[PDB]
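Here the structure comes first, spelled out in structure tokens, and everything after it is commentary.
We place every Cβ from the backbone using ideal geometry, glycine too, and count neighbours over all the protein chains shown. The values are calculated or read from the model by the stated rules, or taken from the named source; no laboratory instrument gave them.
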Amino acid sequence: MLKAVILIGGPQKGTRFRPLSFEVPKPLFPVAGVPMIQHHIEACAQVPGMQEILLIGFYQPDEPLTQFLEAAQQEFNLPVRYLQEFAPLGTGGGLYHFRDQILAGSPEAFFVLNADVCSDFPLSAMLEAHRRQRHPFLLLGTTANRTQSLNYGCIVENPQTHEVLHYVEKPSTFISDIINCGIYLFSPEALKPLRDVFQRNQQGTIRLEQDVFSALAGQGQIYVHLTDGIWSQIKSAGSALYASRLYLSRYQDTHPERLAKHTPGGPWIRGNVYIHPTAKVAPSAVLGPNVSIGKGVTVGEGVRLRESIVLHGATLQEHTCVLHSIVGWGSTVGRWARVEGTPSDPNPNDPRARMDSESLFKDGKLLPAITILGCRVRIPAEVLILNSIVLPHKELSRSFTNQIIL
Amino acid sequence: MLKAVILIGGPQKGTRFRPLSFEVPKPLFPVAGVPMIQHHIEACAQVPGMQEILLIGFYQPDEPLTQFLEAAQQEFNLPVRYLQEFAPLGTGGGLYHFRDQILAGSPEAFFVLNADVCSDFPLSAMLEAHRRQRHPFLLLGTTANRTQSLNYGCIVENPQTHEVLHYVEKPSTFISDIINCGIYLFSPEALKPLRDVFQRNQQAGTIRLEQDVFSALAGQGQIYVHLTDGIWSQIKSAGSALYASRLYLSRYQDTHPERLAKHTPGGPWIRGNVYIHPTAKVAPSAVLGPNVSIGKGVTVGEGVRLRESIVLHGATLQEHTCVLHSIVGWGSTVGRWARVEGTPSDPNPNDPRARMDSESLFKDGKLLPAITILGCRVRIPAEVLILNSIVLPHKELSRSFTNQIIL
Amino acid sequence: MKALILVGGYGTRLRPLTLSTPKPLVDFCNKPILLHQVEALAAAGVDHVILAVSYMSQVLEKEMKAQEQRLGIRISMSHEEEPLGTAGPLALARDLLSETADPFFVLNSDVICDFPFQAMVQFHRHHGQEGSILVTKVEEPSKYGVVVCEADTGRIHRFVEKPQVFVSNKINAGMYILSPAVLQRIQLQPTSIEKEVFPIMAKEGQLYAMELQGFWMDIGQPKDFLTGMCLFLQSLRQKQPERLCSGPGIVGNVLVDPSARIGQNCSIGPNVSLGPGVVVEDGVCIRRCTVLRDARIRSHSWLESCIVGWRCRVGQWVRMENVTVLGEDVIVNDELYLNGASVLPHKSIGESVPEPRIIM
Ligand SMILES: Nc1nc2c(ncn2[C@@H]2O[C@H](COP(=O)(O)OP(=O)(O)O[C@H]3O[C@H](CO)[C@@H](O)[C@H](O)[C@@H]3O)[C@@H](O)[C@H]2O)c(=O)[nH]1
Ligand SMILES: Nc1nc2c(ncn2[C@@H]2O[C@H](COP(=O)(O)OP(=O)(O)OP(=O)(O)O)[C@@H](O)[C@H]2O)c(=O)[nH]1
Ligand SMILES: Nc1nc2c(ncn2[C@@H]2O[C@H](COP(=O)(O)OP(=O)(O)OP(=O)(O)O)[C@@H](O)[C@H]2O)c(=O)[nH]1
């Protein structure tokens, strides 16, 4: 038997995902219709031998997290527990702090997944490689562009034994095309270096990449497993859109009943579109590629929706165009209003993609990105929101362009 | 018997041109050490015969609002009540909706005061002009620059009798250089035209006071002006509040000489006018430049240079930091050798009586360089420059930011 | 009288010129800035003047001991080994100005005016106080030391160097008449004459202001330098019209040295001064420019609002606009566009400069 540890963050790691995170926690943001960690729990309960799923984070258990945990426990036939760490303990410090609960029942190995990644999660093939080799650390790696790889944790390996010889968390200079994916397979022996790291701290917070992956690289403990299935990070509020698009593309294999079909008496559907059943979509509303509709969403007639997330309880009145946007919970977009953004994906194989920095401005100018509307934002009739971020509970009366509307 | 009505706004109507804060209500923001409406309440409770003080707004009753009401009631031994509207009723709709509460006790007159002004508040001078005149609407007006007069309520008066003949609220072309200060003396008959505006609509109860009652009743012998020479500013932006802080710390030299910070050469070096709370800990090596206001429980380390800044309560500035032109929010930490700097929004010093322009956070799609705002519980790391940035509340930074809005 | 010219040092505003020849010696309309001051002092009836040097006293002092025998007044010099600023040489020359119980001129080295020395000293003895300064009206008083002048007499009520609140509108013209009793008051430690001496003067009612007639400018920056030569050529158009060279192809006011030549088919546009020994080729259009000593401007160029220093070689088909200052002996290659280029001394430019930059 095995178990999974999904490292969800806490409220400080959700600061970068801020317009969206004001209402829900970041790991519960619905990416292609289901919350962000439900893709992880989906992929982990698909593995034969999964006993437990242990979320580690420093979120307080509010109503949405505990209701999600009970819903995941019923839907996925597993005990899904939430281990709240007493302090922000870094990446590996919460795995070392909870080692008695992780190793309870003596699992053969355990997965360690970052909650902010979108992946196909090739957990079975990682397990095949681990049961072949039996090493302390198995990392998942992807190939990136040489220019984009500097935004990520670079891995220099040995292409015959697949041993990580070098690891650097964000190098200024080129190191390697292999980037860490935030998916790991630890054996129980892997909790013995972390102990050492913690003991060296006494002369509690352990960063897994800077203190364990970069230290034991080349000593025989850390190994790679490569893929090139889908992979994305979700850091800012608008990388949720790229993650949603990748997931809606892989629903063509894993859940094709989530994807909506045209059915000539209904709304006109291009590309991959998720529509929740509670949503009412008018038959003249064409829903373009990579759209996901939340529950309780009333989409009026003639509404064009392309490359967007419309969250729960939102309302798009007649003849609206919503492109590359995230319409928040309960937001209302009046008739002939245009909410337009600019596509900006992380995409580590795109040589023109931005670094996904925390600074949204270059020199006073807001860089063109996804248009985020917070919850309860009333966009008036006949008005354009272009490349803007609107903070929650803001009733607007005016056209806004390249602005953060506080 | 006189009473006072302070029109405080509400959660959406604040519309912060560049935010002073995010989590405390805008009337309770400390300008020159004390909350923005406590200057109004001091000025009103100094007036003899003033019985009651009413705050009309549509803020929900949170805890800071209630504890400020109790603190003001205890400090001035006046009733200070908060009449909350069922909706945003505009500038005159809350006066018409609460006219039985306003006119209970039968006052001789009532002062209507905008919450977001910094004023000398010559309430006895307006009171004496009105006791000589006995007119329905008396307005305090100042003198504006010709270019900047278009942002305020402009007044064509008659200079012999001091009667408003024409009123435009926010013009596009110049009509006058007299501007409405936002301070009014109302007779108990001034509620009688407000009713008329309501009955023009009912043929709910929103009445813009300046656009419906002042713009349309001018020239009819009903509105009169009282021209003043003292300090006056509008407090809308963050730089507008730093300017109001400078004006009020100037006026503290002859109203509250105990409130300013003297040198005390065992203690911190004081340049200019500085307010320090008695509970704040300021290390003796820290030099505190002009127009600095320190809240309660603020810890200031050694060698801290504070110049033209508001440091709200609970904030900790560690050693060797430089905070200039900033509003360090409550509970915010600035670590060693960090520099939190903003750009001053100073009036045009070549021109007579330029008041202030309030920056609108974006000029033409570009972010404007202005005051640096740190939100509540913002952590600035050691050895980091924050320049012209707004850091949203509860955000631990890790690098130097320049001309950002860090969410 | 005595006359004290605090002559600046390191000349940081107006730097590409002062990197070779000091700011009292750079020729403003074909003779140096100090020379205008000292010829007007020799016409004023000042018996010997002293200048308070601190930087590059080799070339400066050799020029002063050249023209000491030409003006016929002893051009005495206060050397300093470190800069003392703006009130330090008041106290270094304490003995050399305390010898007579007579007032003395204190002149900024960079102000160019239509001076009224007779008006200033014989306005001064009408009130007999410790100091009487010259004031002028200006549109941006936040850059210069303002005053508050009362009606018909002119007592300085207040004095602040940067008003910042807009107290008033009149400013320091940069010329003062000081009495010897203010000498011993301040100390040799360097400070500012404006921050402390005059602001304690105004507390007594011993500072006075005389309103100027007009044409004041201080040439610290090259923009102020070119605005000042515009106003100086205007003063020459009003007063001495034959000094300006006007001819067939001359447009506006042009002041040419006799040694300078100009080709055919050229257009030497309004408010231009050509220094000595320059040679101007055929087909140029030079408007609002100063061209200093022995510089060359080759054929078919277009120069506007620019300073061409000593022994520069501006090539052919060369456009220069937007206060482009060239330092001493700069060679501009053919067909280059310089907008805003401050060019360091002994540089050869081989690329266009499309935005205002410093080239080093
Ligand atoms: N109760 C209530 N109060 C309100 C409402 N809306 C605004 N207020 C408060 O009423 C005052 C009026 O502010 P605004 O309506 O936003 O206008 P203004 O830009 O401040 O202009 C007014 O004051 C200026 C002086 O600063 C004047 O120049 C101008 O004529 C006008 O009187 C402010 O204190 C505001 O907080 C409301 O709906 N209900
Ligand atoms: N449980 C838990 N999880 C965390 C904590 N910190 C981070 N994580 C998770 O692990 C991931 C790592 O994020 P970061 O802490 O930013 O580290 P990084 O991805 O290596 O990038 P850097 O910021 O450059 O260090 C986060 O996206 C979270 O999913 C923590 O303190 N506790
Ligand atoms: N003799 C002398 N005069 C000085 C010195 N420093 C300043 N001055 C004078 O002080 C007055 C005001 O100085 P500025 O207007 O700034 O001119 P500057 O000294 O050339 O300096 P910058 O233009 O700023 O580089 C001028 O008349 C200078 O001539 C000095 O060190 N020695």
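Using beta carbons and a limit of 7 Å, which pairs, at least six apart or on different chains, have the first residue in region A:89-118 and within 14 Å of chain B (Cβ to nearest Cβ) and the second one within 12 Å of ligand 2 (Cβ to nearest atom)?
What qualifies is A:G90/A:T205; A:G90/A:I206; A:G90/A:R207.
Just for region C:154-176: of the residues that are touching a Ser or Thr at 6+ places or on another chain (Cβ under 7 Å) and facing another protein chain (nearest Cβ under 10 Å), which one is farthest from C:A44 (Cα to Cα)?
Filtering region C:154-176 for residues that are touching a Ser or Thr at 6+ places or on another chain (Cβ under 7 Å) and facing another protein chain (nearest Cβ under 10 Å), the one farthest from C:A44 (Cα to Cα) comes out as C:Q164.
Of all residues in region A:261-281, which are touching a strand residue (DSSP E or B) at 6+ places or on another chain (Cβ under 6 Å) and over 22 Å from A:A43 (Cα atoms)?
A:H262, A:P267, A:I269, A:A279, A:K280, A:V281 - these are the residues of region A:261-281 that are touching a strand residue (DSSP E or B) at 6+ places or on another chain (Cβ under 6 Å) and over 22 Å from A:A43 (Cα atoms).
Check whether at least one residue in region B:16-35 is among the β-branched types (V, I, T), in a strand (DSSP E or B) and more than 16 Å from ligand 2 (Cβ to nearest atom), and report yes or no.
Yes.
Take B:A32 and tell me if it is among the hydrophobic types (A, V, I, L, M, F, W, C), over 23 Å from B:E189 (Cα atoms) and within 14 Å of another protein chain (Cβ to nearest Cβ).
no
Would it be correct to say that A:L366 is in contact with a strand residue (DSSP E or B) (Cβ under 8 Å, 6 or more places away or on another chain) and within 14 Å of chain B (Cβ to nearest Cβ)?
Spelling it out, A:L366 is indeed in contact with a strand residue (DSSP E or B) (Cβ under 8 Å, 6 or more places away or on another chain) and within 14 Å of chain B (Cβ to nearest Cβ).
Residues that are within 19 Å of the chain's Cα centre (by Cα): find the strands (runs of 3 or more DSSP E) completely inside region A:163-243 holding 1 or more of those.
Here the list reads A:178-186, A:231-233.
Quick one: B:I373 ticks every box in (1) within 19 Å of B:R399 (Cβ to Cβ); (2) over 18 Å from the mean Cα position of the chain (by Cα); (3) surrounded by 18 or more Cβ atoms within 10 Å (Cβ to Cβ) bar one, so which box is it?
Of (1) within 19 Å of B:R399 (Cβ to Cβ); (2) over 18 Å from the mean Cα position of the chain (by Cα); (3) surrounded by 18 or more Cβ atoms within 10 Å (Cβ to Cβ), only one is false for B:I373: (2).
Determine, yes or no, whether A:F110 is within 16 Å of ligand 2 (Cβ to nearest atom) and more than 18 Å from A:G10 (Cβ to Cβ).
In short, yes.
If A:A4 meets every condition in (1) in a loop (DSSP other than H, G, I, E, B); (2) away from every other protein chain (no Cβ under 14 Å); (3) in contact with a strand residue (DSSP E or B) (Cβ under 8 Å, 6 or more places away or on another chain) apart from one, which number is that one?
Every listed condition holds for A:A4 apart from (1).
Out of the residues in region B:381-404 meeting the condition of being crowded, with 19+ Cβ neighbours inside 10 Å and more than 14 Å from A:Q12 (Cβ to Cβ), tell me which one is nearest to ligand 1 (Cβ to nearest atom).
Looking at the filtered set, the residue picked out is B:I390.
Restricting to region A:375-406, count the residues that are closer than 13 Å to B:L407 by Cα, touching a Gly at 6+ places or on another chain (Cβ under 6 Å) and within 11 Å of chain B (Cβ to nearest Cβ).
The qualifying residues number 1.
Pairs under 8 Å by beta carbon, first residue at positive phi in region B:214-240, partner acidic (D, E) and surrounded by 16 or more Cβ atoms within 10 Å (Cβ to Cβ), six or more apart or different chains?
Listed pairs, sorted by first residue: B:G221/B:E163.
Looking at this structure, is C:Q189 polar (S, T, N, Q), in a loop (DSSP other than H, G, I, E, B) and not assigned by CATH to the domain that holds C:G85?
Here the answer is no, as C:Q189 does not meet what is asked.
Check whether at least one residue in region C:336-350 is among the charged types (D, E, K, R) and within 25 Å of C:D257 (Cβ to Cβ), and report yes or no.
The answer is no, given that none of the residues of region C:336-350 is among the charged types (D, E, K, R) and within 25 Å of C:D257 (Cβ to Cβ).
State all residues of region B:244-276 that are closer than 29 Å to B:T143 by Cα and part of a loop (DSSP other than H, G, I, E, B); if no residue qualifies, say none.
B:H256, B:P257, B:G272, B:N273, listed by residue number.
If we keep just the residues of region B:6-52 that are within 12 Å of B:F111 (Cβ to Cβ) and surrounded by 23 or more Cβ atoms within 10 Å (Cβ to Cβ), which is nearest to ligand 3 (Cβ to nearest atom)?
B:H40
Quick check on A:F58: is it of a type in the set (F, W, Y), surrounded by fewer than 20 Cβ atoms within 10 Å (Cβ to Cβ) and either within 14 Å of another protein chain (Cβ to nearest Cβ) or within 16 Å of ligand 2 (Cβ to nearest atom) (or both)?
The answer is yes for A:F58.
Within region A:119-134, can one find any residue that is within 12 Å of ligand 2 (Cβ to nearest atom) and under 16 Å from A:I8 (Cβ atoms)?
Within region A:119-134, none of the residues are within 12 Å of ligand 2 (Cβ to nearest atom) and under 16 Å from A:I8 (Cβ atoms).
Any chance region C:301-311 includes a residue that's of a type in the set (V, I, T) and under 20 Å from the mean Cα position of the chain (by Cα)?
Yes, there is a match, as at least one residue in region C:301-311 is of a type in the set (V, I, T) and under 20 Å from the mean Cα position of the chain (by Cα).
Quick check: is even one residue across region C:251-265 within 17 Å of the chain's Cα centre (by Cα) and closer than 30 Å to C:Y144 by Cα?
no
Kindly provide the set of residues from region A:36-52 that are in a helix (DSSP H, G or I) and closer than 14 Å to A:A115 by Cα, ordered by number.
Those that are in a helix (DSSP H, G or I) and closer than 14 Å to A:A115 by Cα: A:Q38, A:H39, A:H40, A:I41, A:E42, A:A43, A:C44.
Restricting the search to region B:307-363, which residues are over 29 Å from B:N151 (Cβ atoms) and either of a type in the set (D, E) or within 14 Å of chain A (Cβ to nearest Cβ) (or both)?
B:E319, B:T333
For region A:137-156, what are the residues that are under 17 Å from A:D116 (Cβ atoms) and out of contact with any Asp or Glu (no Cβ under 8 Å at 6 or more places or on another chain)?
Once the filter is applied, which keeps residues that are under 17 Å from A:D116 (Cβ atoms) and out of contact with any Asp or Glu (no Cβ under 8 Å at 6 or more places or on another chain), region A:137-156 yields A:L139, A:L140, A:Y152.
I need every pair where a residue in region A:9-28 that is at the interface with chain B (Cβ under 10 Å from one of its Cβ atoms) has its Cβ under 6 Å from the Cβ of a residue that is among the β-branched types (V, I, T), sequence separation at least 6 or different chains.
A:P19/A:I372; A:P19/A:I389
Can we say A:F76 is away from ligand 2 (no atom under 16 Å from the Cβ), among the aromatic types (F, W, Y), in contact with a helix residue (DSSP H, G or I) (Cβ under 6 Å, 6 or more places away or on another chain) and away from every other protein chain (no Cβ under 14 Å)?
It is true that A:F76 is away from ligand 2 (no atom under 16 Å from the Cβ), among the aromatic types (F, W, Y), in contact with a helix residue (DSSP H, G or I) (Cβ under 6 Å, 6 or more places away or on another chain) and away from every other protein chain (no Cβ under 14 Å).
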